[PDB]
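This report concerns only the one structure given below.
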Amino acid sequence: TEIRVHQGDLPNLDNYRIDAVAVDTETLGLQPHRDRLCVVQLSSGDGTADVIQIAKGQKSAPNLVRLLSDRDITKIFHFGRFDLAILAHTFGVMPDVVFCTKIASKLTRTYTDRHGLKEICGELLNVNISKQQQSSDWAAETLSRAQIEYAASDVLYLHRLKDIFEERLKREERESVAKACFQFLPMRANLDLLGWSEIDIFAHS
Amino acid sequence: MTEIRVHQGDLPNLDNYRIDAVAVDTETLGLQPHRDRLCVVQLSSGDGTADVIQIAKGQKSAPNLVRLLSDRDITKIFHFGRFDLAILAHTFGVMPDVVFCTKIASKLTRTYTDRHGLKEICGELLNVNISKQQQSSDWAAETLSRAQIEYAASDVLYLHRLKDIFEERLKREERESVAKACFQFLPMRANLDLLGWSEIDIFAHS
Amino acid sequence: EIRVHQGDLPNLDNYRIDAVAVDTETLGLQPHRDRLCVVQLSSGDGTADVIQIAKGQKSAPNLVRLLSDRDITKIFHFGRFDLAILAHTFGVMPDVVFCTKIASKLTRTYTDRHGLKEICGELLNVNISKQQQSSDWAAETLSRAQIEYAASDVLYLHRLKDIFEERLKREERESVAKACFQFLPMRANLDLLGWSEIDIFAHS
Amino acid sequence: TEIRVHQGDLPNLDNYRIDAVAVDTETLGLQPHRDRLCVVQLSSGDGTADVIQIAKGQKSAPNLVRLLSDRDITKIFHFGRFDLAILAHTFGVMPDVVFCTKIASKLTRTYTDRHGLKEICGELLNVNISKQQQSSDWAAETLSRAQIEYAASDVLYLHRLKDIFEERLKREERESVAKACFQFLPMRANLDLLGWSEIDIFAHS
Amino acid sequence: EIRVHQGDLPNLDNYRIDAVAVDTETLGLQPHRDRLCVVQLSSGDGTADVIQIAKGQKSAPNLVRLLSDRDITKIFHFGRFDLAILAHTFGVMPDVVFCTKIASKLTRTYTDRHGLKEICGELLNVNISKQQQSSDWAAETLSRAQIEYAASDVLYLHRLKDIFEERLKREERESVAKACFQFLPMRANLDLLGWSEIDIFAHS
Amino acid sequence: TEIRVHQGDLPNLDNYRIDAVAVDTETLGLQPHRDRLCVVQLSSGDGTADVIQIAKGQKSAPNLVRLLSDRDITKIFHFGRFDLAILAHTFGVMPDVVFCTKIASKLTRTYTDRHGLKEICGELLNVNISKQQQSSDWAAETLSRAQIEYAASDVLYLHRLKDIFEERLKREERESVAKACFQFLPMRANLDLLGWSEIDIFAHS
Amino acid sequence: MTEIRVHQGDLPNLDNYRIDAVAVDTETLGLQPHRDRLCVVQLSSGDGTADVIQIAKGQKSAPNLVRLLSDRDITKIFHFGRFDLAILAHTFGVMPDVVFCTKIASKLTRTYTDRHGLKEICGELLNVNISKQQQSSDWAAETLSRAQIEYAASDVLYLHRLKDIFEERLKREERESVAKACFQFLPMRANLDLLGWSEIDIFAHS
Amino acid sequence: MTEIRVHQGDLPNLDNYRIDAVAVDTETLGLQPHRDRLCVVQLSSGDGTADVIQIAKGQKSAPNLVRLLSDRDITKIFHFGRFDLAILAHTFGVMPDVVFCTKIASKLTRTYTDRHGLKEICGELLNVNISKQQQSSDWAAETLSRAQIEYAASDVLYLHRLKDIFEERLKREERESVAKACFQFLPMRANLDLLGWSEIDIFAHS
């Protein structure tokens with residue numbers, strides 16, 4: 002599996018002249034105001050991935066941010082609620098053309114309450130995600146090989162997952178539902194950054 | 001005393017509703033729209049009067065009411081519009097797409113409390129006392145009691161005033177775009193409820 | 003008025019009727035530990051019979067005839083309990099029953115409060131005072147407060163049943179309610195047999 | 002051994018001139034108004050099973066429904082509360098002669114709180130049920146062999162379980178209790194469909 | 003009338019009796035942290051003695067005589083606590099006790115409310131006011147409200163014990179209650195030794 | 002491992018001319034008024050055991066009851082609260098000379114909250130209790146070899162556990178505490194039968 | 001009758017605070033300092049008078065108030081200083097480091113209760129009734145109501161008296177050094193909150 | 001292959017502990033210091049060897065150990081020193097005041113996890129397997145088993161290495177002063193436990 006490791010940014014957009022890009026991040030934790038962005042992962046869906054180490058205090062990443070702001074390119078996430086928050090917090094740009102495989106799973110895999118990436122990859126693709134490195138020092142100057150393979154695996158399969166979920170959403174006639182959820186997702190991420198992360202804004206109480 | 005006009009089935013006309021925004025509430029036989037039928041629709045133009053419309057069992061249309069609901073030039077003001085939107089679309093087939101919800105607005109602005117119900121908000125923002133005693137009553141009754149009628153009217157008589165104050169706070173705290181986005185999703189949150197996700201926060205990790 | 007009896011009704015002169023309201027008072031909620039102390043009856047006419055049951059009493063032929071008579075519907079509020087302590091004490095389980103709590107749950111769909119006090123207040127504007135519910139129901143002489151409270155448990159069940167029957171018809175749930183009432187005695191039996199903490203129909 | 006797979010309906014009832022039939026279903030989830038019926042499984046208890054795929058929007062299946070309506074044939078379920086709801090919701094017919102092994106288990110296996118099909122088959126028959134395919138896309142146009150074999154395993158043993166539970170119900174003198182529970186079960190399923198699925202209708206509060 | 007003492011009773015002239023009502027006040031529920039502040043006594047005659055216990059006070063010989071006197075039953079409400087703090091402070095564990103809280107749990111089977119205020123209200127129509135329960139019981143001079151409150155904890159235990167004895171006999175639970183009172187000093191010891199959060203008889 | 006299996010009662014007391022006997026029971030469940038006594042197990046501590054099947058409706062077991070009544074013989078249980086209740090409920094005699102290894106564990110193994118028999122046997126004796134048959138039909142006319150061996154394991158080690166616990170109670174100076182707990186245990190079992198099984202009679206609330 | 005001096009932005013001078021200890025409290029738009037701005041700072045010298053300082057949105061300095069908060073010769077008295085210290089440090093950039101907290105003091109002396117709120121403490125120790133009606137109010141309002149102003153003043157008018165009593169109790173129970181150590185750590189506990197550990201007991205095993 | 005020196009009562013001398021920091025753990029009869037006596041004290045210099053000291057019932061002194069514990073020129077490294085500081089001070093009358101706690105350090109650096117136990121941290125940072133089987137055993141045994149001895153030694157063999165990594169991370173994330181204030185309060189937090197606040201977060205609002 003070809004995994005290209007970069008410092009700071011993509012060197013160019015040559016591998017991403019595409020309509021959709023799979024995106025994930027690694028951080029020091031779940032709290033974007035405390036836990037810095039450490040890694041950004043990308044794949045075009047061709048079976049290879051880019052792993053971008055983000056430095057402490059890094060304010061800019063122009064090639065990555067070009068993709069994030071390109072409205073001709075759908076940003077595919079698994080649980081984009083988190084990735085959108087830390088990406089917009091770090092580089093100042095919120096994507097507004099997105100697809101989330103966790104939301105799509107909640108709308109289509111109605112026979113389960115297990116919507117994690119590992120569960121979804123195994124059921125839909127018979128692909129085994131190993132989570133051992135999720136709890137690791139993502140701020141390390143040199144990521145280990147196990148870390149780099151794990152980070153790549155978070156984006157290697159999102160295109161294939163999106164294709165299946167799009168088929169399920171059509172079959173169950175839920176495309177307009179999903180579209181509305183993906184349209185609000187960036188604001189749900191902004192709500193988290195502004196201080197409503199523990200609040201379901203739509204709940205009665 | 002408040003002028004309350006009680007109607008059977010529909011408004012007789014829209015002469016009182018050539019306006020920019022209308023306050024709306026419903027009463028039902030309970031919280032489950034597939035089991036508990038729409039019983040009452042309440043409306044107010046914001047002038048201190050209200051219309052109380054009794055909806056019959058099995059009633060499939062309400063042309064004048066549905067006209068307002070579909071009018072993109074009229075903002076429908078709800079308190080917890082998530083519920084009213086679901087039952088209204090379920091009963092008459094039309095989902096409003098221009099809304100303001102004082103419950104969402106409260107959660108975005110009254111950040112110093114966890115109490116976001118209508119009674120609490122009217123008391124704090126307007127010194128108005130809402131009595132909830134009739135909230136649990138037979139809303140399907142053929143003749144509503146005066147207490148039911150006055151309580152149903154009270155749910156819509158203050159929403160314009162609440163919306164004015166919440167708009168001031170949204171602007172003061174720079175949250176107008178957040179609120180607009182939430183209102184834009186609210187009809188789809190209501191449809192999610194009707195489709196079978198009423199117990200699921202669709203944006204949660206688990 | 004309220005007629006107080008020891009042991010049994012003297013006769014059935016006041017119960018040549020098609021439906022009778024029934025409630026019980028006990029020393030607590032556990033029939034195998036907490037004996038039956040009182041049985042209250044009403045014909046619906048605004049009078050009640052309050053029957054004190056002795057410790058160790060195993061028979062009351064006039065009361066039990068009513069409980070056994072399939073031509074008389076026994077009206078309860080939460081008959082699940084009364085059916086159990088009555089069957090446990092006298093050995094007979096009534097099988098023609100109406101329960102206002104089940105009726106409430108099937109019709110007052112806008113609330114989770116289905117107790118007798120809430121129901122009497124909402125449907126009849128009648129105030130039930132629960133202060134004597136926690137009292138020594140086994141006292142040889144009941145206080146006037148206990149007697150009037152015990153009577154109030156049965157004075158309004160005919161009127162509640164009439165309104166609930168109207169609502170069950172309106173919402174087209176009559177056959178559902180009938181099936182629930184039909185199972186209620188077996189639900190009471192399940193309680194006496196050891197399943198009182200188990201919803202027998204739940205997945206877990 | 003033999004699993005016969007059908008589309009739409011049984012071709013006939015040649016294999017079901019019997020006095021009791023084992024029945025299970027598969028759906029897109031637990032919510033009958035949202036999650037459509039996808040598969041109906043049947044067994045005569047002879048070690049063979051019929052697995053019938055149900056199409057989206059299909060509201061009839063005359064051979065199956067004749068069995069379900071036949072008052073001379075007991076329908077054996079495990080947790081019939083669910084199957085009765087989705088069958089009645091889909092086909093318009095509510096079976097009224099039933100046996101449920103889950104209810105039987107709660108009335109006889111008084112030394113445990115584990116009343117699932119897997120646990121009962123292990124204990125009473127030394128038969129292993131694998132539940133890996135319980136969470137799968139039962140709406141698939143073509144089921145996998147693992148799905149088909151799992152679905153069959155839900156009905157292959159219900160006759161044998163019913164025979165043991167009947168022995169136990171007799172031994173502990175609970176036959177009338179079980180019969181009354183089975184008699185109310187179709188109405189408990191109806192209550193679920195009408196909106197009381199989260200309410201123990203017999204509870205005090 | 004309430005007699006307020008410093009340190010100890012002056013004599014036992016009021017306590018040549020078969021049973022004495024006892025309660026305590028402390029700085030809190032933890033005996034190893036929260037010192038004994040007050041000890042209250044009543045002979046049952048409608049008067050009380052309120053004894054302020056000083057910080058570091060190691061003895062109270064007249065009080066300890068009553069506590070050690072095998073011919074005098076010590077009546078407590080929730081003796082489990084009083085026995086612990088008394089034994090920890092003065093070194094003596096009473097072994098002849100009656101506890102109205104245990105007695106209530108064994109007889110008032112129609113409720114889960116077994117506090118002293120609830121029991122006095124139901125059995126005696128006596129109103130206990132708990133306002134001073136949270137107050138500085140180590141104060142050098144207790145307020146009148148504190149004093150009256152501390153006395154109210156012992157003024158009615160004789161009358162309660164009499165009713166509870168009647169109920170225990172009626173329901174045939176005397177030997178059960180006696181066994182519970184027999185173990186209560188060791189339950190208190192278990193608390194002092196480090197098991198205050200453990201039901202020693204529970205399966206888990 | 003020698004296990005003698007009896008119907009109804011011991012044939013005689015020749016193996017139990019001893020100062021202490023280990024006792025356990027098997028039933029159809031945890032509820033003595035619903036779940037009948039099925040098995041009584043006994044051991045003298047010599048590495049052998051007696052397994053006594055109790056018939057439905059059996060009201061008498063004179064040899065077993067002579068031991069339960071013999072004040073010169075300590076009855077050793079693990080969690081005797083249960084065995085005392087079902088034994089007194091079934092045959093009418095409450096033992097009053099008892100040692101409980103669970104209570105002893107709670108008073109000595111202060112470094113853990115795991116006081117089950119399997120945990121204690123592993124830690125104190127390096128003996129492996131297998132609980133697979135705990136959930137089984139103990140009313141069966143013919144018990145399986147696995148059932149009989151498991152039932153025997155419940156009594157084969159209680160003497161050795163008692164000796165160790167007695168040493169620890171002495172070392173930590175808690176002998177009089179344990180003695181009072183054992184003295185009250187028959188009444189705790191009685192309280193259970195009378196209707197307080199869910200109530201800690203000594204709790205503030 | 002209680003004299004309350006209301007200021008915009010800052011104290012005009014320190015003439016009323018040439019003292020050894022100052023009572024301090026704050027009002028905000030809520031409990032989350034990164035979202036909910038500092039709206040009011042209240043001060044009292046213990047003399048029965050109070051100063052109520054309205055803080056503007058985006059205000060970053062208040063040099064006279066901040067001098068008080070930085071002056072190591074002046075103990076700042078708080079009730080639940082954990083919160084005030086965090087919002088004050090977040091807003092003005094200075095963390096006070098000589099503090100007394102009546103809530104910590106209460107937890108170490110009122111061992112017979114789990115109710116350690118200011119209302120509860122004032123009633124028991126002083127027979128003073130604190131009314132909490134305005135706690136949930138719009139503290140960012142341009143003009144505070146008389147009710148809000150009197151409530152804000154009441155948070156500081158009694159803290160000197162509470163501190164005296166708690167100091168007596170801490171000496172009596174021989175816990176002065178414990179309290180001192182808790183106070184010394186309190187600014188770091190507040191800093192931990194601002195840094196992202198507000199929901200974590202940093203000293204707990206799990 | 002691991003040199004573990006076992007002693008009764010005390011170290012025989014301090015020849016192996018002329019060092020700047022010593023790793024310490026304890027074993028007891030349980031988590032309650034007033035009921036559950038000190039049974040073992042373990043030490044390591046960080047050199048791959050350990051000392052395991054059995055403490056007798058009722059023993060109140062251990063002069064060589066206590067000299068180390070009192071030496072302000074030597075940092076005592078603990079994992080969850082809150083517990084060890086309590087039982088050591090309770091048993092020997094001396095409260096160490098120069099300390100490092102790897103559990104607190106983990107909570108301040110391993111921000112991506114709620115698993116801060118010694119086994120999880122050893123596995124993650126060092127790829128070292130801690131086997132907890134003997135944690136539930138009779139530590140008051142007159143003769144400890146080889147398994148008990150090896151387990152006890154494993155609690156202290158790696159704390160120097162953990163300390164060095166956590167120090168790197170505290171520097172990197174700029175939290176050194178935070179950690180230092182936490183370590184500074186930790187002896188008083190242990191004292192609070194001994195005095196009766198072991199179930200109370202003294203800094204919490206409620």
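From first to last, the protein sequence lines are chains E, M, K, A, O, G, I and C.
Counting the first sequence from 1 gives a position; the entry's author numbering is that position plus 1.
So that you can map any letter, position 102 of the second sequence is 102 in the entry's author numbering, and since no number is skipped, the others follow by simple counting.
Counting the third sequence from 1 gives a position; the entry's author numbering is that position plus 2.
Counting the fourth sequence from 1 gives a position; the entry's author numbering is that position plus 1.
Counting the fifth sequence from 1 gives a position; the entry's author numbering is that position plus 2.
Counting the sixth sequence from 1 gives a position; the entry's author numbering is that position plus 1.
So that you can map any letter, position 23 of the seventh sequence is 23 in the entry's author numbering, and since no number is skipped, the others follow by simple counting.
So that you can map any letter, position 76 of the eighth sequence is 76 in the entry's author numbering, and since no number is skipped, the others follow by simple counting.
Don't be surprised by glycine CBs; every beta carbon is placed ideally from N, CA and C.
Inter-residue CB distance, residue i and residue j (contact presumed, cutoff 8 angstroms)
| i | j | result |
| --- | --- | --- |
| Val-41 (chain I) | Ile-53 (chain I) | 4 angstroms |
| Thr-75 (chain M) | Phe-92 (chain M) | Not quite, the Cβ-Cβ distance comes to about 19 angstroms (not below 8 angstroms), so this is no contact. |
| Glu-150 (chain M) | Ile-19 (chain M) | The Cβ separation is near 23 angstroms, so there is no contact. |
| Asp-51 (chain K) | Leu-38 (chain K) | Rounded, the Cβ-Cβ distance is 15 angstroms, inconsistent with contact. |
| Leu-108 (chain M) | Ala-179 (chain M) | 6 angstroms |
| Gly-9 (chain M) | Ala-62 (chain M) | 7 angstroms |
Chain C contact for residue i (CB, 8 angstroms cutoff)
| i | result |
| --- | --- |
| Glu-124 (chain G) | yes |
Residue i classed as buried or exposed, judged by whether at least 16 other C-beta atoms fall within 10 angstroms
| i | result |
| --- | --- |
| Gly-46 (chain G) | buried |
| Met-1 (chain M) | exposed |
| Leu-14 (chain G) | exposed |
| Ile-200 (chain C) | exposed |
Residue i at chain I interface by Cβ criterion, 8 angstroms
| i | result |
| --- | --- |
| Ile-130 (chain C) | no |
| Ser-136 (chain O) | yes |
| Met-1 (chain C) | no |
Residue-level contact to chain O via CB, residue i, 8 angstroms cutoff
| i | result |
| --- | --- |
| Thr-113 (chain I) | yes |
| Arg-175 (chain I) | no |
C-beta neighbour in chain K for residue i, strict 8 angstroms
| i | result |
| --- | --- |
| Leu-195 (chain G) | yes |
| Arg-37 (chain G) | no |
Within-8 angstroms CB hit, residue i to chain G
| i | result |
| --- | --- |
| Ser-154 (chain C) | no |
Neighbour flag for residue i against chain A, beta carbons, 8 angstroms
| i | result |
| --- | --- |
| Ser-70 (chain G) | no |
| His-34 (chain M) | yes |
Any C-beta of chain M under 8 angstroms from that of residue i
| i | result |
| --- | --- |
| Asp-97 (chain E) | no |
| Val-178 (chain E) | yes |
Every unbroken alpha helix (DSSP H) inside the segment 82-146 of chain K [4 residues or more]: Taking only runs of at least 4 residues, the alpha helix (DSSP H) segments lying wholly in the segment 82-146 of chain K are 102-109 and 118-126.
4-residue-minimum alpha helix (DSSP H) runs that sit fully inside the segment 37-77 of chain O, ordered along the chain: The segment 37-77 of chain O contains these whole alpha helix (DSSP H) runs: 63-70.
Cβ contact check for the segment 22-34 of chain M and the segment 183-193 of chain E: 3 or more pairs under 8 angstroms: Not touching, per the Cβ criterion.
Three-pair Cβ contact test at 8 angstroms for the segment 112-132 of chain A versus the segment 185-197 of chain A: They do not touch, by the three-pair rule.
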